[PDB]
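Novice: Can you keep this structure in mind? I'll have questions shortly.
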Amino acid sequence: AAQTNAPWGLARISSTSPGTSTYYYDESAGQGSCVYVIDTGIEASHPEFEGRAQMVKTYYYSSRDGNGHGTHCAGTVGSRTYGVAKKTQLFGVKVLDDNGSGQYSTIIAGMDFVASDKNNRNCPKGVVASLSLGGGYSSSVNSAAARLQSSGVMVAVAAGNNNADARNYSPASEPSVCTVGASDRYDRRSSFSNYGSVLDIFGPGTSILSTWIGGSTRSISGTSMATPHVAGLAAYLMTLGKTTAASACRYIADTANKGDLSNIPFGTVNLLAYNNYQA
Ligand SMILES: [Ca+2]
Ligand SMILES: [Ca+2]
Ligand SMILES: [Ca+2]
Ligand SMILES: [Ca+2]
């Protein structure tokens, strides 16, 4: 399948080169795989989710997405226009309030919710979680991402937008989960992108067009938008039976566009997410 005039990120994860704008993908498109978007929530009712999105959990008065952050990450995962896995099921888990922030105890409770909630969902192709959130190191938050991963969910986490080593951030610093750095359309490390030995992969991060609240669209930049690209890819690759929840991050890194990114700190992997799809 070929989506002409796609966002630059989708086009890049189906490309050996930068500078193309056609997303190529197997028409299976992650069907029968679930991606949990742990975030501000999702506006499930966006015409771009075609009813494949629903809120399954909140730790606030409303499960709505008043923020947009989580509606925009869900979108990069499995929206029809701006998604990687255009047929995946999206489960919104609102750990972040509409200001975009949350307590670490609530985020932990959300990760543990998914590790269990998956046993209440039809995900025959497997389960993915996209954590586009982060803060300082916390062995407690790391251990929650570890558990979620260990429960048989491919965990993709932002490195963090601090332009520092991700070793000092959670759940970015957790060795067992997929830590995603950000790249821009010219294959440069996004100026904001965290780096280090803990990083496993890069996704498109800078100027990422996706879904927004009010049934709208807008472009926003972060490791937070790299993550849903990787999250999406893992969903896609799992539905193709090309990898599993446990070994997805490794598989993505084995099959990645190597050496293609500039301004990658020595000792950080030079690996851009690649679907490796041949039309
Ligand atoms: Ca674009
Ligand atoms: Ca987000
Ligand atoms: Ca976002
Ligand atoms: Ca987002």
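Order determines the names: the first chain of the structure tokens is A, the second B, and so forth; residues in each chain are numbered 1 upward, and ligands are numbered 1 upward as they are shown.
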Could you name the residues that touch residue A:110 at 12 Å or less, counting only C-alpha atoms, but leaving out those on the same chain fewer than 5 positions away, as an MDAnalysis selection string?
Specialist: chainID A and resid 36:41 56:60 91:96 102:105 115:117 129:131 141 144:145 147:148
Novice: Within 6 Å of ligand 2, counting only C-alpha atoms and all ligand atoms: which residues, as a list in words?
Specialist: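 With only C-alpha atoms and all ligand atoms and a cut-off of 6 Å, ligand 2 is contacted by residues 39, 69, 70, 73, 132 and 224 of chain A.
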Novice: Keeping only N, CA, C and O atoms, write the selected residues to a file as a JSON list (two decimals), in the first residue's frame.
Specialist:
```
[["chain", "number", "residue", "atom", "x", "y", "z"],
["A", 39, "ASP", "N", -0.92, 8.59, 28.42],
["A", 39, "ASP", "CA", -0.90, 10.00, 27.95],
["A", 39, "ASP", "C", -2.01, 10.82, 28.62],
["A", 39, "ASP", "O", -2.48, 10.43, 29.69],
["A", 69, "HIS", "N", -2.07, 16.41, 23.65],
["A", 69, "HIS", "CA", -0.81, 15.63, 23.64],
["A", 69, "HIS", "C", -1.10, 14.17, 23.26],
["A", 69, "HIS", "O", -0.47, 13.69, 22.31],
["A", 70, "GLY", "N", -2.02, 13.51, 23.97],
["A", 70, "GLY", "CA", -2.33, 12.07, 23.83],
["A", 70, "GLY", "C", -3.16, 11.75, 22.59],
["A", 70, "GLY", "O", -2.99, 10.65, 22.04],
["A", 73, "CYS", "N", -0.48, 11.73, 19.81],
["A", 73, "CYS", "CA", 0.42, 10.54, 19.86],
["A", 73, "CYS", "C", -0.35, 9.32, 19.35],
["A", 73, "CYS", "O", 0.18, 8.63, 18.48],
["A", 132, "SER", "N", 4.79, 8.53, 25.88],
["A", 132, "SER", "CA", 5.35, 9.77, 25.29],
["A", 132, "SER", "C", 5.64, 10.78, 26.41],
["A", 132, "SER", "O", 5.77, 11.99, 26.12],
["A", 224, "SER", "N", 8.53, 12.58, 22.14],
["A", 224, "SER", "CA", 7.10, 12.23, 22.33],
["A", 224, "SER", "C", 6.40, 11.91, 21.02],
["A", 224, "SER", "O", 5.31, 11.33, 21.09]]
```
Novice: What are the closest atom pairs, with distances in Å to one decimal, for all residues of chain A lying within 10 Å of ligand 1? Consider only C-alpha atoms and all ligand atoms, order rows by chain and residue number, and present the result as CSV.
Specialist:
```
residue,atom,partner,partner_atom_place_in_ligand_line,distance
A:5,CA,ligand 1,1 (Ca),8.2
A:6,CA,ligand 1,1 (Ca),7.3
A:7,CA,ligand 1,1 (Ca),4.5
A:8,CA,ligand 1,1 (Ca),4.7
A:9,CA,ligand 1,1 (Ca),7.7
A:10,CA,ligand 1,1 (Ca),9.5
A:11,CA,ligand 1,1 (Ca),9.4
A:21,CA,ligand 1,1 (Ca),7.7
A:185,CA,ligand 1,1 (Ca),8.3
A:206,CA,ligand 1,1 (Ca),9.8
A:207,CA,ligand 1,1 (Ca),7.1
A:208,CA,ligand 1,1 (Ca),7.2
A:209,CA,ligand 1,1 (Ca),6.5
A:219,CA,ligand 1,1 (Ca),8.5
```
Novice: When DSSP is applied to the backbone of this structure, which of stretch 36-149 of chain A are assigned helix (DSSP H, G or I)? Write them out as JSON, numbers by chain.
Specialist: {"A": [69, 70, 71, 72, 73, 74, 75, 76, 77, 78, 104, 105, 106, 107, 108, 109, 110, 111, 112, 113, 114, 115, 116, 117, 118, 119, 120, 139, 140, 141, 142, 143, 144, 145, 146, 147, 148, 149]}
Novice: Which polymer residues have any atom within 12 Å of an atom of residue A:140, counting only C-alpha atoms, with same-chain residues fewer than 3 positions away left out, as a list in words?
Specialist: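 Skipping anything fewer than 3 positions along the chain leaves residues 104, 105, 106, 107, 108, 109, 111, 112, 136, 137, 143, 144, 145, 146, 147, 169, 170, 171, 173 and 174 of chain A.
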Novice: In Å, how far is it from atom CA of residue A:4 to atom CA of residue A:31?
Specialist: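 These atoms are spaced 20.9 Å apart.
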Novice: Please provide the set of residues having any atom within 10 Å of residue A:76, restricted to only C-alpha atoms, with same-chain residues fewer than 5 positions apart removed, written as an NGL selection string.
Specialist: :A and (7 or 9-10 or 70-71 or 81-86 or 208-211 or 225-232)
Novice: Assign secondary structure with DSSP using the backbone only, and return the residues of stretch 45-276 of chain A in strand (DSSP E or B) as an NGL selection string.
Specialist: :A and (53-58 or 89-94 or 126-131 or 135-136 or 153-158 or 165 or 169-170 or 178-183 or 188-189 or 195 or 201-204 or 208-212 or 216-220 or 257-258 or 262 or 271-272)
Novice: What lies within 8 Å of stretch 190-202 of chain A using only C-alpha atoms, ignoring chain neighbours under 2 positions off, as an MDAnalysis selection string?
Specialist: chainID A and resid 159:167 172:175 178:184 188 204:206 222:223 226 249:250 252:253 256 264:265 267:273
Novice: Which one is closest to ligand 3: A:118, A:72, A:218, A:80? Count only C-alpha atoms and all ligand atoms.
Specialist: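 Of A:118, A:72, A:218, A:80, the one nearest ligand 3, counting only C-alpha atoms and all ligand atoms, is A:72.
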Novice: Just give me the gap between atom CA of residue A:124 and atom CA of residue A:43 in Å, one decimal is fine.
Specialist: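 The value is 24.7 Å.
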Novice: Please report the interatomic distance between atom CA of residue A:33 and atom CA of residue A:16 in Å with one decimal.
Specialist: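 A separation of 25.7 Å between them.
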Novice: Out of A:176, A:221, A:14, A:151, which residue has the shortest atom-to-atom distance to ligand 3 when counting only C-alpha atoms and all ligand atoms?
Specialist: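 Smallest distance to ligand 3 is found for A:221.
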Novice: Which residue out of A:157, A:235, A:74, A:246 has the minimum interatomic distance to ligand 4 when only C-alpha atoms and all ligand atoms are used?
Specialist: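 Residue with the minimum atom-to-atom distance to ligand 4: A:74.
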Novice: Find the spatial neighbours of residue A:240, counting only C-alpha atoms, within a cut-off of 9 Å - ignore same-chain residues fewer than 6 positions away - and output them as a compact mmCIF listing (two decimals) with N, CA, C and O atoms, in the first residue's frame.
Specialist:
```
# COMPACT_ATOMS: atom_id res chain seq x y z
N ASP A 26 2.43 -2.60 4.30
CA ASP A 26 1.57 -3.80 4.08
C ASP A 26 0.14 -3.47 4.55
O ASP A 26 0.00 -3.02 5.70
N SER A 28 -2.29 -4.91 5.66
CA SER A 28 -2.66 -5.48 6.98
C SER A 28 -2.69 -4.35 8.02
O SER A 28 -3.65 -4.31 8.82
N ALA A 29 -1.68 -3.47 7.99
CA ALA A 29 -1.62 -2.17 8.70
C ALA A 29 -1.90 -2.35 10.20
O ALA A 29 -2.66 -1.55 10.76
N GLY A 30 -1.28 -3.35 10.81
CA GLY A 30 -1.33 -3.56 12.27
C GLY A 30 -2.68 -4.05 12.77
O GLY A 30 -2.87 -4.02 13.99
N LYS A 125 -2.59 -10.28 17.63
CA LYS A 125 -1.28 -10.00 16.99
C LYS A 125 -0.30 -9.46 18.04
O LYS A 125 0.91 -9.46 17.77
```
Novice: May I ask which of the residues A:65, A:27, A:187, A:254 is the closest one to residue A:274, counting only C-alpha atoms?
Specialist: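 Among A:65, A:27, A:187, A:254, it is A:254 that comes nearest to residue A:274.
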Novice: Between A:12, A:121, A:46, A:64, single out the one closest to residue A:260, counting only C-alpha atoms.
Specialist: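 So, comparing all the options, the nearest one is A:12.
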